[PDB]
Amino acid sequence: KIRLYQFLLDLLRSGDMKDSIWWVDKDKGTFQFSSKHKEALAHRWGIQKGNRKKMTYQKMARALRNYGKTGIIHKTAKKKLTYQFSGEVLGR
């Protein structure tokens, strides 16, 4: 099954949910979710995974928090809804 970081990188590459997520500085791997439209993207993540419950942005961000300990995706301090893929993730 696809991993969350790959789902997000794939969305950013395809542009299929451009009103829910976008690059801020793609060379640095920084991206941001839409305050008003992030739930639609969270719903899609849960459906792609086949999870029992409806996925929410909060539960998705809880998963993203675990990536911050390992560095796969860092949450930018002093900003809202803004994250940064590691260099390794961006290399493919």
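All residue numbers are counted from 1 along the displayed sequence.
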Mean CA temperature factor from the deposited coordinates, higher in 31-39 or in 46-54?
46-54
Using the B-factors recorded in the PDB entry, average over the C-alpha atoms of 82-90 and of 4-12, then report which stretch comes out higher.
82-90
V24's Cα B-factor: lowest, middle or highest third of the chain?
middle
For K75, the third of its chain into which the C-alpha B factor falls:
lowest
